[PDB]
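Enquirer: Quick one, target.pdb (PDB, C-alpha atoms):
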ATOM      1  CA  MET S   1      71.759  77.111  28.721  1.00  0.00           C
ATOM      2  CA  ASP S   2      74.220  76.071  25.996  1.00  0.00           C
ATOM      3  CA  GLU S   3      76.740  74.013  27.992  1.00  0.00           C
ATOM      4  CA  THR S   4      77.481  72.195  24.710  1.00  0.00           C
ATOM      5  CA  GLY S   5      78.588  75.451  23.153  1.00  0.00           C
ATOM      6  CA  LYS S   6      82.284  74.845  23.617  1.00  0.00           C
ATOM      7  CA  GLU S   7      85.083  72.817  22.007  1.00  0.00           C
ATOM      8  CA  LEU S   8      83.320  69.712  20.731  1.00  0.00           C
ATOM      9  CA  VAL S   9      84.545  66.167  20.376  1.00  0.00           C
ATOM     10  CA  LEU S  10      83.197  62.983  18.863  1.00  0.00           C
ATOM     11  CA  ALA S  11      82.771  59.774  20.838  1.00  0.00           C
ATOM     12  CA  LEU S  12      84.542  57.035  18.885  1.00  0.00           C
ATOM     13  CA  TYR S  13      83.504  54.198  21.203  1.00  0.00           C
ATOM     14  CA  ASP S  14      81.138  53.361  24.044  1.00  0.00           C
ATOM     15  CA  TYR S  15      82.454  54.067  27.511  1.00  0.00           C
ATOM     16  CA  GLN S  16      81.111  53.510  31.022  1.00  0.00           C
ATOM     17  CA  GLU S  17      82.027  55.806  33.915  1.00  0.00           C
ATOM     18  CA  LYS S  18      84.120  53.996  36.517  1.00  0.00           C
ATOM     19  CA  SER S  19      84.578  56.717  39.141  1.00  0.00           C
ATOM     20  CA  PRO S  20      82.380  59.652  40.348  1.00  0.00           C
ATOM     21  CA  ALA S  21      84.681  61.842  38.263  1.00  0.00           C
ATOM     22  CA  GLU S  22      83.871  59.884  35.128  1.00  0.00           C
ATOM     23  CA  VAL S  23      80.986  60.145  32.689  1.00  0.00           C
ATOM     24  CA  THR S  24      79.373  57.639  30.362  1.00  0.00           C
ATOM     25  CA  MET S  25      79.488  58.234  26.611  1.00  0.00           C
ATOM     26  CA  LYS S  26      78.102  56.380  23.604  1.00  0.00           C
ATOM     27  CA  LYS S  27      79.588  55.982  20.131  1.00  0.00           C
ATOM     28  CA  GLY S  28      78.122  58.642  17.863  1.00  0.00           C
ATOM     29  CA  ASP S  29      77.598  61.195  20.618  1.00  0.00           C
ATOM     30  CA  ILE S  30      78.946  64.716  20.490  1.00  0.00           C
ATOM     31  CA  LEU S  31      80.828  65.502  23.678  1.00  0.00           C
ATOM     32  CA  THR S  32      81.818  68.908  24.967  1.00  0.00           C
ATOM     33  CA  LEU S  33      85.446  69.405  25.991  1.00  0.00           C
ATOM     34  CA  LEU S  34      85.987  70.990  29.372  1.00  0.00           C
ATOM     35  CA  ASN S  35      89.613  70.108  30.090  1.00  0.00           C
ATOM     36  CA  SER S  36      92.134  68.315  27.880  1.00  0.00           C
ATOM     37  CA  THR S  37      95.254  69.034  29.945  1.00  0.00           C
ATOM     38  CA  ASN S  38      95.579  65.271  30.386  1.00  0.00           C
ATOM     39  CA  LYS S  39      96.798  63.042  27.569  1.00  0.00           C
ATOM     40  CA  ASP S  40      95.011  59.871  28.637  1.00  0.00           C
ATOM     41  CA  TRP S  41      91.841  61.373  30.097  1.00  0.00           C
ATOM     42  CA  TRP S  42      89.721  64.254  28.845  1.00  0.00           C
ATOM     43  CA  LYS S  43      87.114  66.057  30.926  1.00  0.00           C
ATOM     44  CA  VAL S  44      83.909  66.369  28.937  1.00  0.00           C
ATOM     45  CA  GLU S  45      80.268  67.338  29.338  1.00  0.00           C
ATOM     46  CA  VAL S  46      77.449  65.119  28.045  1.00  0.00           C
ATOM     47  CA  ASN S  47      74.015  66.743  27.954  1.00  0.00           C
ATOM     48  CA  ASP S  48      74.229  67.731  31.604  1.00  0.00           C
ATOM     49  CA  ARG S  49      76.796  65.339  33.088  1.00  0.00           C
ATOM     50  CA  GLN S  50      80.359  66.518  33.635  1.00  0.00           C
ATOM     51  CA  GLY S  51      83.240  64.100  34.028  1.00  0.00           C
ATOM     52  CA  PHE S  52      86.230  62.363  32.507  1.00  0.00           C
ATOM     53  CA  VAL S  53      86.530  59.949  29.593  1.00  0.00           C
ATOM     54  CA  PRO S  54      89.436  58.241  27.746  1.00  0.00           C
ATOM     55  CA  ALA S  55      91.124  60.658  25.335  1.00  0.00           C
ATOM     56  CA  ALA S  56      91.586  57.657  23.042  1.00  0.00           C
ATOM     57  CA  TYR S  57      87.788  57.405  22.916  1.00  0.00           C
ATOM     58  CA  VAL S  58      87.228  60.939  21.710  1.00  0.00           C
ATOM     59  CA  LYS S  59      88.307  63.024  18.695  1.00  0.00           C
ATOM     60  CA  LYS S  60      88.547  66.814  18.195  1.00  0.00           C
ATOM     61  CA  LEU S  61      85.668  67.945  15.983  1.00  0.00           C
ATOM     62  CA  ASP S  62      87.335  71.308  15.487  1.00  0.00           C
TER
ATOM     63  CA  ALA N   1      91.622  63.351  36.633  1.00  0.00           C
ATOM     64  CA  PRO N   2      92.019  59.551  36.970  1.00  0.00           C
ATOM     65  CA  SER N   3      95.578  58.817  38.065  1.00  0.00           C
ATOM     66  CA  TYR N   4      95.838  55.647  35.983  1.00  0.00           C
ATOM     67  CA  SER N   5      95.849  54.299  32.427  1.00  0.00           C
ATOM     68  CA  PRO N   6      92.551  54.413  30.477  1.00  0.00           C
ATOM     69  CA  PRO N   7      90.916  51.367  28.813  1.00  0.00           C
ATOM     70  CA  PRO N   8      92.278  50.406  25.361  1.00  0.00           C
ATOM     71  CA  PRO N   9      90.122  51.375  22.341  1.00  0.00           C
ATOM     72  CA  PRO N  10      87.860  48.533  21.142  1.00  0.00           C
TER
END
Here is a file; write its structure as structure tokens.

Expert:
Amino acid sequence: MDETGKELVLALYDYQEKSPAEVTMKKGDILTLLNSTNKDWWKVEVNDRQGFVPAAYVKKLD
Amino acid sequence: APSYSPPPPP
């Protein structure tokens, strides 16, 4: 049960999910990267929630 | 994947 055991990212700012394919993140949270094939939106996993967030709101930790 | 531009960084 280590869904956060993947490519990690840092949440630079607070974000609120707008669509069912979006997830809410908070500044200072460590997000898990699931898909970064998009330049503007990155699919991440927070705790248990999977969805997309602004790529400009997240930074590669690795 | 959202087919639109994401919100600008605050």

Enquirer: What are the closest atom pairs, with distances in Å to one decimal, for all residues of chain S lying within 8 Å of chain N? Consider only C-alpha atoms, order rows by chain and residue number, and present the result as a Markdown table.

Expert:
| residue | atom | partner | partner_atom | distance |
| --- | --- | --- | --- | --- |
| S:13 | CA | N:10 | CA | 7.1 |
| S:21 | CA | N:1 | CA | 7.3 |
| S:38 | CA | N:1 | CA | 7.6 |
| S:40 | CA | N:6 | CA | 6.3 |
| S:41 | CA | N:1 | CA | 6.8 |
| S:43 | CA | N:1 | CA | 7.8 |
| S:52 | CA | N:1 | CA | 6.9 |
| S:54 | CA | N:6 | CA | 5.6 |
| S:56 | CA | N:9 | CA | 6.5 |
| S:57 | CA | N:9 | CA | 6.5 |

Enquirer: What is the atom CA of residue 6 of chain S to atom CA of residue 34 of chain S distance in Å?

Expert: 7.9 Å

Enquirer: Show me, as a PyMOL selection string, the residues that have an atom within 10 Å of residue 17 of chain S when counting all atoms listed in the file, minus same-chain residues fewer than 3 positions from it.

Expert: chain S and resi 20-25+51-54

Enquirer: Between atom CA of residue 15 of chain S and atom CA of residue 37 of chain S, measure the distance and give it in Å to one decimal.

Expert: 19.8 Å

Enquirer: Interatomic distance between atom CA of residue 62 of chain S and atom CA of residue 18 of chain S?

Expert: 27.4 Å

Enquirer: Please determine an axis-aligned box that encloses all atoms of segment 6-9 of chain N listed in the file, with 3 Å added on each side, and express its centre and edge lengths in Å to one decimal as JSON.

Expert:
{"center_x": 91.3, "center_y": 52.4, "center_z": 26.4, "size_x": 8.4, "size_y": 10.0, "size_z": 14.1}

Enquirer: Of the residues S:9, S:16, S:55, S:48, which is the one nearest to residue 33 of chain S, using only C-alpha atoms?

Expert: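 Checking each candidate against residue 33 of chain S, we get S:9 as the closest.
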
Enquirer: Output the residue selection produced by the PyMOL selection byres ((chain S and resi 11) around 7) on the file above, formatted as an mmCIF file with C-alpha atoms, in the frame of the given file.

Expert:
data_model
loop_
_atom_site.group_PDB
_atom_site.id
_atom_site.type_symbol
_atom_site.label_atom_id
_atom_site.label_comp_id
_atom_site.auth_asym_id
_atom_site.auth_seq_id
_atom_site.Cartn_x
_atom_site.Cartn_y
_atom_site.Cartn_z
ATOM 1 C CA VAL S 9 84.545 66.167 20.376
ATOM 2 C CA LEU S 10 83.197 62.983 18.863
ATOM 3 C CA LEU S 12 84.542 57.035 18.885
ATOM 4 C CA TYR S 13 83.504 54.198 21.203
ATOM 5 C CA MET S 25 79.488 58.234 26.611
ATOM 6 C CA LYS S 26 78.102 56.380 23.604
ATOM 7 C CA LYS S 27 79.588 55.982 20.131
ATOM 8 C CA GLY S 28 78.122 58.642 17.863
ATOM 9 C CA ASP S 29 77.598 61.195 20.618
ATOM 10 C CA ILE S 30 78.946 64.716 20.490
ATOM 11 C CA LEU S 31 80.828 65.502 23.678
ATOM 12 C CA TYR S 57 87.788 57.405 22.916
ATOM 13 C CA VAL S 58 87.228 60.939 21.710
ATOM 14 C CA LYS S 59 88.307 63.024 18.695
#

Enquirer: Which residues fall under the PyMOL selection byres ((chain S and resi 2) around 12) in this file, as a list in words?

Expert: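 That selection, the PyMOL selection byres ((chain S and resi 2) around 12), comes back as residues 1, 3, 4, 5, 6, 32, 45, 46, 47 and 48 of chain S.
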
Enquirer: Those same residues - C-alpha atoms - I'd like them written as an mmCIF file, in the frame of the given file.

Expert:
data_model
loop_
_atom_site.group_PDB
_atom_site.id
_atom_site.type_symbol
_atom_site.label_atom_id
_atom_site.label_comp_id
_atom_site.auth_asym_id
_atom_site.auth_seq_id
_atom_site.Cartn_x
_atom_site.Cartn_y
_atom_site.Cartn_z
ATOM 1 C CA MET S 1 71.759 77.111 28.721
ATOM 2 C CA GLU S 3 76.740 74.013 27.992
ATOM 3 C CA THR S 4 77.481 72.195 24.710
ATOM 4 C CA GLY S 5 78.588 75.451 23.153
ATOM 5 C CA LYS S 6 82.284 74.845 23.617
ATOM 6 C CA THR S 32 81.818 68.908 24.967
ATOM 7 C CA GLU S 45 80.268 67.338 29.338
ATOM 8 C CA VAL S 46 77.449 65.119 28.045
ATOM 9 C CA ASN S 47 74.015 66.743 27.954
ATOM 10 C CA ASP S 48 74.229 67.731 31.604
#
